[PDB]
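Listing of run.cif, mmCIF, C-alpha atoms
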data_protein
#
loop_
_atom_site.label_atom_id
_atom_site.label_comp_id
_atom_site.auth_asym_id
_atom_site.auth_seq_id
_atom_site.Cartn_x
_atom_site.Cartn_y
_atom_site.Cartn_z
CA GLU H 38 -30.09 -37.56 -14.81
CA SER H 39 -30.06 -36.97 -11.05
CA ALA H 40 -26.31 -36.27 -11.02
CA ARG H 41 -26.88 -32.58 -11.81
CA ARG H 42 -29.31 -32.28 -8.89
CA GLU H 43 -26.75 -33.75 -6.49
CA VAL H 44 -24.03 -31.31 -7.58
CA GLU H 45 -26.47 -28.37 -7.56
CA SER H 46 -26.74 -28.42 -3.75
CA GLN H 47 -23.10 -29.47 -3.23
CA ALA H 48 -21.76 -25.98 -3.99
CA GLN H 49 -24.37 -24.24 -1.83
CA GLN H 50 -23.77 -26.47 1.20
CA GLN H 51 -20.02 -25.85 1.26
CA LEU H 52 -20.56 -22.09 0.81
CA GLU H 53 -23.02 -21.78 3.72
CA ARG H 54 -21.54 -23.78 6.62
CA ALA H 55 -18.96 -21.08 7.44
CA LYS H 56 -20.21 -17.49 7.30
CA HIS H 57 -16.85 -16.08 8.47
CA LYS H 58 -14.68 -17.32 5.60
CA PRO H 59 -11.83 -14.84 5.02
CA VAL H 60 -11.28 -13.22 1.64
CA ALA H 61 -8.11 -14.39 -0.11
CA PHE H 62 -7.58 -11.96 -3.00
CA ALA H 63 -9.40 -9.32 -5.06
CA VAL H 64 -9.91 -8.67 -8.77
CA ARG H 65 -11.41 -5.89 -10.90
CA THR H 66 -13.58 -6.51 -13.96
CA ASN H 67 -14.22 -4.19 -16.89
CA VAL H 68 -16.25 -6.38 -19.27
CA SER H 69 -20.00 -5.75 -19.58
CA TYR H 70 -20.91 -9.39 -20.17
CA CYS H 71 -24.43 -10.52 -19.23
CA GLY H 72 -24.06 -13.75 -17.27
CA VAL H 73 -27.78 -14.49 -17.51
CA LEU H 74 -27.80 -14.67 -21.33
CA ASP H 75 -25.80 -17.92 -21.23
CA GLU H 76 -27.11 -20.56 -18.81
CA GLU H 77 -23.64 -21.95 -18.04
CA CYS H 78 -23.22 -21.92 -14.25
CA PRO H 79 -22.70 -24.64 -11.62
CA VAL H 80 -25.80 -23.47 -9.70
CA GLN H 81 -29.06 -23.01 -11.58
CA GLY H 82 -30.35 -19.46 -11.51
CA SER H 83 -29.67 -15.96 -12.81
CA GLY H 84 -26.24 -14.51 -12.14
CA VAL H 85 -25.30 -10.93 -11.31
CA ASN H 86 -24.60 -8.68 -14.30
CA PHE H 87 -21.52 -6.96 -12.91
CA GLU H 88 -20.62 -3.65 -14.54
CA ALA H 89 -17.19 -2.34 -15.51
CA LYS H 90 -14.73 -1.21 -12.83
CA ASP H 91 -16.43 -3.48 -10.28
CA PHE H 92 -14.30 -4.76 -7.40
CA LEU H 93 -14.65 -8.53 -6.95
CA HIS H 94 -12.85 -10.07 -3.97
CA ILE H 95 -12.33 -13.82 -4.27
CA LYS H 96 -12.50 -16.05 -1.20
CA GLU H 97 -12.66 -19.60 -2.61
CA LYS H 98 -10.91 -21.78 -5.20
CA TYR H 99 -13.51 -24.21 -6.53
CA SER H 100 -12.37 -25.09 -10.07
CA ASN H 101 -10.46 -23.71 -13.05
CA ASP H 102 -13.55 -22.37 -14.88
CA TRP H 103 -15.58 -20.51 -12.23
CA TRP H 104 -14.83 -19.23 -8.74
CA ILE H 105 -16.55 -17.67 -5.71
CA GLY H 106 -16.25 -14.00 -4.76
CA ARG H 107 -18.06 -10.99 -3.30
CA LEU H 108 -19.07 -7.57 -4.62
CA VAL H 109 -18.87 -4.06 -3.15
CA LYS H 110 -22.55 -3.35 -2.46
CA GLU H 111 -24.09 -3.04 0.99
CA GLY H 112 -25.29 -6.37 2.35
CA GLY H 113 -23.37 -8.27 -0.29
CA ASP H 114 -24.10 -11.93 -0.98
CA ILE H 115 -22.28 -14.89 -2.57
CA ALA H 116 -22.30 -15.17 -6.36
CA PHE H 117 -20.41 -16.76 -9.26
CA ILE H 118 -17.59 -15.17 -11.27
CA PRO H 119 -16.05 -16.52 -14.50
CA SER H 120 -12.34 -17.17 -14.82
CA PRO H 121 -10.36 -14.76 -17.03
CA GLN H 122 -9.54 -17.67 -19.34
CA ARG H 123 -13.23 -18.62 -19.37
CA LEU H 124 -14.17 -14.98 -19.96
CA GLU H 125 -11.55 -14.77 -22.72
CA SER H 126 -12.86 -18.01 -24.25
CA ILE H 127 -16.46 -16.78 -24.32
CA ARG H 128 -15.34 -13.33 -25.52
CA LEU H 129 -14.42 -14.83 -28.90
CA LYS H 130 -17.72 -16.74 -29.02
CA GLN H 131 -19.63 -13.43 -28.95
CA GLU H 132 -18.41 -12.51 -32.45
CA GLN H 133 -19.50 -15.95 -33.72
CA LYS H 134 -23.14 -14.82 -33.53
CA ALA H 135 -22.62 -12.69 -36.64
CA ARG H 136 -22.33 -14.17 -40.12
CA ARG H 137 -18.54 -13.72 -40.16
CA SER H 138 -15.88 -12.68 -37.66
CA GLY H 139 -12.80 -12.08 -39.79
CA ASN H 140 -11.34 -11.32 -43.21
CA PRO H 141 -13.91 -13.12 -45.46
CA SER H 142 -16.82 -10.75 -46.01
CA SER H 143 -20.32 -12.01 -46.84
CA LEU H 144 -21.03 -9.27 -49.40
CA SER H 145 -23.02 -11.66 -51.61
CA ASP H 146 -19.95 -13.92 -51.96
CA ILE H 147 -20.78 -17.40 -50.64
CA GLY H 148 -19.52 -20.73 -51.97
CA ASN H 149 -16.50 -19.36 -53.87
CA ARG H 150 -13.93 -18.48 -51.17
CA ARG H 151 -14.94 -20.06 -47.86
CA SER H 152 -11.75 -18.79 -46.14
CA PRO H 153 -11.93 -20.74 -42.87
CA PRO H 154 -11.00 -18.68 -39.79
CA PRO H 155 -7.23 -18.92 -39.27
CA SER H 156 -5.24 -18.37 -36.08
CA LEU H 157 -5.12 -14.66 -36.93
CA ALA H 158 -8.89 -14.35 -36.46
CA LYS H 159 -8.65 -16.27 -33.16
CA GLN H 160 -7.17 -15.14 -29.83
CA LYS H 161 -3.67 -16.45 -30.64
CA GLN H 162 -2.67 -13.10 -32.17
CA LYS H 163 -2.80 -9.66 -30.49
CA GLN H 164 0.00 -10.73 -28.13
CA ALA H 165 1.75 -7.35 -28.32
CA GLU H 166 -0.26 -6.18 -25.29
CA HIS H 167 -2.81 -8.94 -24.50
CA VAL H 168 -4.58 -7.07 -21.71
CA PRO H 169 -6.38 -9.59 -19.48
CA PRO H 170 -10.05 -8.87 -18.74
CA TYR H 171 -9.34 -9.37 -15.02
CA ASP H 172 -6.94 -7.09 -13.13
CA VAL H 173 -5.41 -7.94 -9.76
CA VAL H 174 -6.37 -5.44 -7.04
CA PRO H 175 -5.74 -5.50 -3.27
CA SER H 176 -8.49 -6.66 -0.96
CA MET H 177 -8.82 -3.06 0.29
CA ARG H 178 -8.75 -0.17 -2.19
CA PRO H 179 -6.19 2.44 -1.01
CA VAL H 180 -6.95 6.16 -0.66
CA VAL H 181 -4.96 8.96 -2.30
CA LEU H 182 -5.54 12.58 -1.30
CA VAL H 183 -4.89 14.92 -4.25
CA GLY H 184 -5.14 18.69 -4.04
CA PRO H 185 -5.95 21.45 -3.52
CA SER H 186 -2.39 22.59 -4.31
CA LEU H 187 1.16 21.26 -4.55
CA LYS H 188 1.75 18.28 -2.28
CA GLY H 189 3.92 19.34 0.64
CA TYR H 190 3.67 23.11 0.15
CA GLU H 191 3.07 24.20 3.79
CA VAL H 192 -0.54 24.91 2.79
CA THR H 193 -1.51 21.41 1.69
CA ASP H 194 0.68 20.20 4.57
CA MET H 195 -1.72 21.85 7.01
CA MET H 196 -4.68 20.88 4.79
CA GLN H 197 -4.61 17.09 5.12
CA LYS H 198 -2.87 17.04 8.52
CA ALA H 199 -6.16 18.02 10.16
CA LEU H 200 -7.95 15.61 7.81
CA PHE H 201 -5.51 12.86 8.78
CA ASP H 202 -6.01 13.88 12.42
CA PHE H 203 -9.74 13.21 12.71
CA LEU H 204 -9.39 10.16 10.46
CA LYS H 205 -6.98 8.45 12.88
CA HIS H 206 -9.22 9.40 15.84
CA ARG H 207 -12.73 8.59 14.61
CA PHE H 208 -11.45 5.41 12.91
CA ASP H 209 -9.17 4.43 15.80
CA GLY H 210 -8.54 0.70 15.76
CA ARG H 211 -9.75 0.65 12.15
CA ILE H 212 -7.27 2.75 10.12
CA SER H 213 -3.56 2.68 9.29
CA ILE H 214 -1.94 5.93 8.11
CA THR H 215 1.66 5.89 6.87
CA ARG H 216 3.85 8.37 4.99
CA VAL H 217 6.09 7.43 2.06
CA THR H 218 8.79 9.27 0.12
CA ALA H 219 9.64 7.07 -2.88
CA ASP H 220 8.28 7.61 -6.39
CA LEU H 221 4.92 6.17 -7.42
CA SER H 222 4.38 7.32 -11.02
CA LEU H 223 7.14 5.13 -12.52
CA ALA H 224 5.18 1.90 -12.14
CA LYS H 225 3.15 0.17 -14.86
CA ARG H 226 1.07 -2.99 -14.99
CA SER H 227 3.72 -5.15 -16.69
CA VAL H 228 6.99 -3.97 -18.24
CA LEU H 229 9.15 -7.11 -17.90
CA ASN H 230 8.88 -10.77 -16.94
CA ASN H 231 11.07 -10.21 -13.85
CA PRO H 232 11.36 -6.44 -13.28
CA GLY H 233 14.29 -5.73 -10.98
CA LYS H 234 14.59 -9.19 -9.43
CA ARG H 235 18.24 -8.61 -8.49
CA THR H 236 20.05 -5.47 -7.35
CA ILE H 237 23.44 -6.55 -8.75
CA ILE H 238 22.43 -6.44 -12.41
CA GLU H 239 24.63 -3.37 -13.09
CA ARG H 240 22.51 -2.05 -15.95
CA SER H 241 20.33 0.96 -16.77
CA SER H 242 17.75 -0.19 -14.19
CA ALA H 243 20.09 -1.37 -11.42
CA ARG H 244 20.81 2.18 -10.21
CA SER H 245 17.31 3.50 -11.00
CA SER H 246 14.41 3.70 -8.53
CA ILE H 247 12.44 0.54 -9.25
CA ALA H 248 12.93 -1.48 -6.03
CA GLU H 249 10.65 0.96 -4.17
CA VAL H 250 7.96 1.76 -6.74
CA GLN H 251 7.03 -1.94 -6.81
CA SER H 252 8.07 -3.02 -3.30
CA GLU H 253 5.43 -0.68 -1.83
CA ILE H 254 2.68 -2.72 -3.53
CA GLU H 255 2.84 -6.18 -1.96
CA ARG H 256 4.13 -4.68 1.29
CA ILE H 257 0.96 -2.59 1.48
CA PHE H 258 -1.03 -5.60 0.23
CA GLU H 259 -0.20 -7.34 3.51
CA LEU H 260 -1.38 -4.22 5.32
CA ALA H 261 -4.43 -4.40 3.05
CA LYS H 262 -4.94 -8.04 4.10
CA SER H 263 -6.57 -6.57 7.21
CA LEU H 264 -8.81 -4.73 4.70
CA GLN H 265 -8.08 -1.35 6.30
CA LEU H 266 -7.94 1.86 4.26
CA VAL H 267 -4.45 3.19 3.52
CA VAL H 268 -3.64 6.86 2.86
CA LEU H 269 -0.18 8.32 2.21
CA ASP H 270 1.37 11.76 1.71
CA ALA H 271 3.94 11.19 -1.02
CA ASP H 272 5.10 14.22 -3.01
CA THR H 273 4.44 12.57 -6.38
CA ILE H 274 0.68 12.05 -6.88
CA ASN H 275 -0.59 15.38 -8.23
CA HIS H 276 -3.13 14.18 -10.81
CA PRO H 277 -5.26 11.00 -11.08
CA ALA H 278 -4.28 10.48 -14.74
CA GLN H 279 -1.53 7.98 -13.89
CA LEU H 280 -3.51 6.46 -10.99
CA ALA H 281 -6.58 5.53 -13.06
CA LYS H 282 -4.88 2.55 -14.76
CA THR H 283 -2.24 1.59 -12.18
CA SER H 284 -2.32 -1.58 -10.10
CA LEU H 285 -3.35 0.31 -6.95
CA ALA H 286 -6.45 2.05 -8.36
CA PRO H 287 -6.99 3.90 -5.06
CA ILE H 288 -9.66 6.24 -3.66
CA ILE H 289 -9.26 9.84 -4.86
CA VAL H 290 -10.87 12.71 -2.95
CA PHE H 291 -11.63 16.08 -4.54
CA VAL H 292 -10.76 18.80 -2.01
CA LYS H 293 -11.11 21.87 -4.26
CA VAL H 294 -11.20 25.43 -2.88
CA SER H 295 -13.79 26.77 -5.37
CA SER H 296 -12.44 30.17 -6.38
CA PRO H 297 -8.80 30.60 -7.48
CA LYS H 298 -8.55 34.09 -5.99
CA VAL H 299 -8.85 32.77 -2.42
CA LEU H 300 -5.74 30.60 -2.94
CA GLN H 301 -3.67 33.78 -3.22
CA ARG H 302 -5.10 34.98 0.10
CA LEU H 303 -3.92 31.98 2.12
CA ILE H 304 -0.64 32.28 0.20
CA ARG H 305 -0.26 35.86 1.43
CA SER H 306 -1.30 34.88 4.97
CA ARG H 307 2.26 33.62 5.53
CA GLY H 308 3.63 36.43 3.35
CA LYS H 309 6.82 35.59 1.48
CA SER H 310 8.56 32.20 0.97
CA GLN H 311 5.63 31.03 -1.19
CA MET H 312 7.35 32.15 -4.42
CA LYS H 313 9.04 28.75 -4.88
CA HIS H 314 6.05 27.31 -6.78
CA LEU H 315 3.46 30.09 -6.50
CA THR H 316 2.91 30.08 -10.26
CA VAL H 317 2.39 26.31 -10.11
CA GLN H 318 -0.54 26.61 -7.69
CA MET H 319 -2.00 29.25 -10.03
CA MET H 320 -2.45 26.26 -12.37
CA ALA H 321 -1.96 23.23 -10.08
CA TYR H 322 -5.39 23.62 -8.60
CA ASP H 323 -6.83 24.22 -12.03
CA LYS H 324 -5.08 21.02 -13.18
CA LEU H 325 -7.53 18.92 -11.13
CA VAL H 326 -10.50 21.22 -11.90
CA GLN H 327 -10.71 21.77 -15.67
CA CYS H 328 -10.30 18.02 -16.12
CA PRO H 329 -13.55 16.10 -15.55
CA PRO H 330 -14.12 14.79 -12.01
CA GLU H 331 -14.64 11.14 -13.09
CA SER H 332 -11.67 9.81 -11.09
CA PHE H 333 -12.93 11.21 -7.77
CA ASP H 334 -15.48 8.61 -6.66
CA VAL H 335 -16.67 11.02 -3.96
CA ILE H 336 -16.17 14.79 -4.01
CA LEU H 337 -15.57 16.98 -0.94
CA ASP H 338 -17.11 20.44 -1.43
CA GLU H 339 -16.86 22.24 1.91
CA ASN H 340 -15.12 25.42 3.05
CA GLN H 341 -14.81 24.42 6.72
CA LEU H 342 -12.99 21.65 8.59
CA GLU H 343 -16.10 20.56 10.52
CA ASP H 344 -18.37 19.52 7.64
CA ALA H 345 -15.37 18.42 5.55
CA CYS H 346 -14.59 15.77 8.18
CA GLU H 347 -18.20 14.55 8.11
CA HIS H 348 -18.12 14.23 4.31
CA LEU H 349 -15.10 11.91 4.33
CA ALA H 350 -16.43 9.93 7.31
CA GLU H 351 -19.80 9.54 5.58
CA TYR H 352 -18.26 7.91 2.51
CA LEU H 353 -15.81 5.72 4.44
CA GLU H 354 -18.47 4.35 6.80
CA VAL H 355 -20.84 3.33 3.99
CA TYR H 356 -17.96 1.93 1.94
CA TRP H 357 -16.78 0.13 5.09
CA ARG H 358 -19.97 -1.96 5.14
CA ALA H 359 -19.71 -2.89 1.44
CA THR H 360 -16.88 -5.42 1.89
CA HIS H 361 -18.21 -7.16 5.01
CA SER S 393 -50.57 67.01 0.89
CA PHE S 394 -51.47 63.30 1.04
CA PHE S 395 -52.54 62.64 -2.56
CA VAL S 396 -49.63 64.71 -3.88
CA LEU S 397 -47.17 62.91 -1.59
CA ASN S 398 -48.55 59.59 -2.84
CA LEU S 399 -48.02 60.69 -6.44
CA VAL S 400 -44.46 61.85 -5.72
CA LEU S 401 -43.58 58.63 -3.91
CA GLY S 402 -45.04 56.49 -6.69
CA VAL S 403 -43.21 58.35 -9.46
CA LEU S 404 -39.91 58.31 -7.56
CA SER S 405 -40.25 54.60 -6.77
CA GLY S 406 -40.98 53.82 -10.41
CA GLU S 407 -37.97 55.83 -11.58
CA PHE S 408 -35.72 54.15 -9.01
CA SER S 409 -36.98 50.71 -10.08
CA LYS S 410 -36.34 51.52 -13.74
CA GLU S 411 -32.81 52.71 -12.95
CA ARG S 412 -32.22 49.57 -10.87
CA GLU S 413 -33.41 47.29 -13.68
CA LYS S 414 -31.25 49.19 -16.19
CA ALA S 415 -28.11 49.03 -14.01
CA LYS S 416 -28.65 45.36 -13.11
CA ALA S 417 -27.91 44.44 -16.74
CA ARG S 418 -24.31 45.58 -16.22
CA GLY S 419 -23.98 43.22 -13.25
CA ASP S 420 -23.04 45.44 -10.32
CA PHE S 421 -24.88 43.00 -8.05
CA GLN S 422 -22.50 40.22 -9.12
CA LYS S 423 -19.49 42.03 -7.66
CA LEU S 424 -21.32 42.35 -4.33
CA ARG S 425 -22.51 38.73 -4.62
CA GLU S 426 -19.03 37.36 -5.38
CA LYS S 427 -17.57 39.39 -2.50
CA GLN S 428 -19.69 37.71 0.19
CA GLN S 429 -18.79 34.11 -0.67
CA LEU S 430 -15.12 35.05 -1.08
CA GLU S 431 -15.24 36.26 2.53
CA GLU S 432 -17.29 33.34 3.89
CA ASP S 433 -14.74 30.78 2.68
CA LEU S 434 -11.88 33.05 3.80
CA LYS S 435 -12.25 32.52 7.55
CA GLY S 436 -13.48 28.99 6.86
CA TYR S 437 -10.12 28.10 5.31
CA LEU S 438 -7.92 30.28 7.52
CA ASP S 439 -9.23 28.64 10.70
CA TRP S 440 -8.58 25.23 9.11
CA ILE S 441 -4.96 26.28 8.56
CA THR S 442 -4.80 27.81 12.04
CA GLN S 443 -6.01 24.86 14.11
CA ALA S 444 -4.18 22.25 12.02
CA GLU S 445 -0.96 23.96 13.11
CA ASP S 446 -1.95 23.42 16.73
CA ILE S 447 -2.68 19.73 16.26
CA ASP S 448 1.10 19.85 15.62
CA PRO S 449 3.21 17.00 14.30
#
As structure tokens, how would this structure be written, given the file I've shared?
Amino acid sequence: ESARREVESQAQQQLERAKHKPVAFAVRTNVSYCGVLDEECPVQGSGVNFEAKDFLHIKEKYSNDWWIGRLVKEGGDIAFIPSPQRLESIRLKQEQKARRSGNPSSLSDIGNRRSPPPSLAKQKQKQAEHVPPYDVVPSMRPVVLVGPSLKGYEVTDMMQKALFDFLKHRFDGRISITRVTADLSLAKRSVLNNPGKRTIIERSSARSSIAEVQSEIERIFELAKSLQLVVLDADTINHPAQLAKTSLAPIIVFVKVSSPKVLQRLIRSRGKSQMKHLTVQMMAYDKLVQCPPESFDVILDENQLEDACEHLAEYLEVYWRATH
Amino acid sequence: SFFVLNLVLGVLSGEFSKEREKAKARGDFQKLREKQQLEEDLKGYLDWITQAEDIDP
């Protein structure tokens, strides 16, 4: 059968003629499935065993079973990625390796009640949530600056303003910094089939703030089509708890100030007028400290502007070469 | 004069070392230690606030 040999080189030839093929979309994966265990791939070889929370950016549409994308490691190459339906289909096959994968137990009871697997034991059920293995992410992961105190408190205002200053200078012609005011927490993965399609509904959601929590996503996706990092200064994001599972999944930077006693000193540098939320900062810092770091992919631990700028620029430059 | 001075210095140094090692258990050095870093980051954060004001909006 020479047909398989002909199609083996067909995929490679189309994927090598143009080295400057733009990336269409991006997708995150969180399933630790070994693609080399099953030898089901259009091109013979060993696939890449992508780990969870890995950013895969698609750039081709070959078929309905497998596609072509790129990973986020320096000097990335071209590999194969399974479709979410294909991944869902093989996910059920994993449990088939065991003796049983449902209600009928094999506790020395064979030949009496076979109990063939019904639709309950298949993937038809569990439609209450039905979380897909693949999540849609922008082609460029945004950046959210959280800490070291209340956002927009005349102390954090001066904090990131210098950080945003060097960022828009060193990365001139490469960065896009914008400020937003609308809410960001009130936005989930999927709450309705058509959430807020019309503004003349005249219901409980017509007058609410939903046409800005969502509209900032695809609007910034177009800005992310250039694959340039995006950082904002909204007065809503104060903890990465709600940003860890959102659609954005942006870059979080830990900008802690070490001791809590020093925070009072910069508070007293301006004297009064800090009593509005002074008690909050007594715990607001600690809110993003006692919790595990985990969310912060990179952590900034520096007590001076100079080396703090180099820490952010170090991570951005290396991450800049990952998706290129 | 020399041997006796050596004895006196040795005994006094030993007593001072014993007192130091007994008072270190309380942790008086920690208060001095924690004071230095609290001052190092002080001007390192105040100058950050100061110059960021001058970069203006």
Residues of chain H no more than 9 Å from chain S, counting only C-alpha atoms: send them over as number ranges by chain. H: 192, 195-200, 202, 294, 296, 298-299, 302-303, 306, 339-343
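Going from atom CA of residue 158 of chain H to atom CA of residue 138 of chain H covers 7.3 Å.
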As number ranges by chain, please: the residues near segment 209-211 of chain H (cut-off 10 Å, all atoms listed in the file, same-chain neighbours under 5 positions excluded). H: 203-204, 263-266, 357
d(atom CA of residue 226 of chain H, atom CA of residue 172 of chain H) in Å: 9.2 Å
Selection under test: the PyMOL selection byres ((chain H and resi 248-257) around 10); residues as a compact mmCIF listing (two decimals) with C-alpha atoms, in the frame of the given file:
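To be explicit, this is the file written out as out-v1.txt:
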# COMPACT_ATOMS: atom_id res chain seq x y z
CA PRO H 175 -5.74 -5.50 -3.27
CA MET H 177 -8.82 -3.06 0.29
CA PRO H 179 -6.19 2.44 -1.01
CA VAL H 217 6.09 7.43 2.06
CA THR H 218 8.79 9.27 0.12
CA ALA H 219 9.64 7.07 -2.88
CA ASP H 220 8.28 7.61 -6.39
CA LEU H 221 4.92 6.17 -7.42
CA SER H 222 4.38 7.32 -11.02
CA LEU H 223 7.14 5.13 -12.52
CA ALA H 224 5.18 1.90 -12.14
CA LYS H 225 3.15 0.17 -14.86
CA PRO H 232 11.36 -6.44 -13.28
CA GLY H 233 14.29 -5.73 -10.98
CA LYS H 234 14.59 -9.19 -9.43
CA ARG H 235 18.24 -8.61 -8.49
CA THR H 236 20.05 -5.47 -7.35
CA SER H 242 17.75 -0.19 -14.19
CA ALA H 243 20.09 -1.37 -11.42
CA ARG H 244 20.81 2.18 -10.21
CA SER H 245 17.31 3.50 -11.00
CA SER H 246 14.41 3.70 -8.53
CA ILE H 247 12.44 0.54 -9.25
CA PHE H 258 -1.03 -5.60 0.23
CA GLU H 259 -0.20 -7.34 3.51
CA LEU H 260 -1.38 -4.22 5.32
CA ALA H 261 -4.43 -4.40 3.05
CA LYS H 262 -4.94 -8.04 4.10
CA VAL H 267 -4.45 3.19 3.52
CA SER H 284 -2.32 -1.58 -10.10
CA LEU H 285 -3.35 0.31 -6.95
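Reported to one decimal place, the separation of atom CA of residue 355 of chain H from atom CA of residue 72 of chain H is 27.5 Å.
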Apply the PyMOL selection byres ((chain H and resi 110) around 10) to the structure shown and report the selected residues as a VMD selection string. chain H and resid 91 to 92 107 to 109 111 to 114 355 to 356 358 to 361
Output the residue selection produced by the PyMOL selection byres ((chain H and resi 78-85) around 12) on the file above, formatted as a count of residues only. 44
Excluding residue 189 of chain H and its own-chain neighbours fewer than 5 positions away, which residues fall within 9 Å of it when counting only C-alpha atoms? Please give them as JSON, numbers by chain. {"H": [194, 195, 270, 271, 272]}
